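Below, in structure tokens: the form deposited in one PDB entry, a single chain.
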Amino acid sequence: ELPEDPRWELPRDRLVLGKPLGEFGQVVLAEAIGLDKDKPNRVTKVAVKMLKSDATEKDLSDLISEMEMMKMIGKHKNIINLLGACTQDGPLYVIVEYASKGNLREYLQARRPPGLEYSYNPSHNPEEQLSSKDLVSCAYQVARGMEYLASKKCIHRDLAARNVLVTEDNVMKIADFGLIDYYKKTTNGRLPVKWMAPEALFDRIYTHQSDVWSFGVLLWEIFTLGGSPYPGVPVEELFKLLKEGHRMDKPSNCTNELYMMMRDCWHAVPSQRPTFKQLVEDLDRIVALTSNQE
């Protein structure tokens, strides 16, 4: 059984379980009644993490460890925050903030410019549009979340648009910050090794500097509007591209300044990469000078 932490405990009758969000344990959408003591009468839409039917002892241990890690890291606007937990007299439920617009990759792709007669999906026409200032603002918010996590001594190890969630208010929130098959693909069929720093991939050295490399790939994802890094590149060819010092091309509609930022994040020497603190400062300055007119 689990011990009661009254800092986070929410009674079971206060959580109304809803539709599944996905399946790593399962996550469902829910409504929490009286999450805050003012008001005990207000419902808040939340995401709830719980274990699947065939859950092992280590699966439960990992869920507990992730919840424990979130309590220790504390609160920030640009991370998925812990809101509560149902630990007593039933299955463990970990309650976190809800991001109604899904992950950053989905959010960017759904807001791509309309489809033309040469496009894969010519019928694509979103009722939602992103200016150049909006894309730099996304990168600023993610850098801010990462700067906070780094100040808390947290190394993400899988920073990518898939692990950034977007709220109803377009706030970027870093996800899965408190959690190794190189050939294993994601839910969307992409290879996570494509976000890894060379020293993380070849020497298994994970630092804030290796997360900055990943953030460089995340920036390329923002400016390609959810583009796929190295499409058609298998793991062994990726390794060779990295050993050769190859770097991804400059996306179109991306300033020389922002491509230089990407390239700086991808410095071969980890110590020479900008820190998250420098990236937040450079991004804050760039946001203010970036046109929202297109």
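Start at 1 with the first residue shown and count on from there. Residues that one form lacks are left out of the comparison. The term rigid core refers to the maximal set of C-alpha atoms that superpose within 1.5 Å between the two forms.
This next part talks about the form deposited in another entry, which is not shown.
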{"query": "Candidates 88, 131, 188, 170 - which moves between the shown form and the other one, C-alpha at least 2 Å, core fixed", "finding": "188"}
{"query": "Post core alignment: residue 115 C-alpha displaced by 2 Å or more between the shown form and the other one", "finding": "yes"}
{"query": "Sense of CA distance change between residue 187 and residue 228 in the other form, threshold 3 Å", "finding": "farther"}
{"query": "Closer or farther: C-alpha pair residue 123/residue 108 in the other form, relative to this form, given a change of 3 Å or more", "finding": "closer"}
{"query": "Core-superposed comparison between the shown form and the other one, runs of at least 3 residues with CA shifts of 2 Å or more", "finding": "114-127, 186-190"}
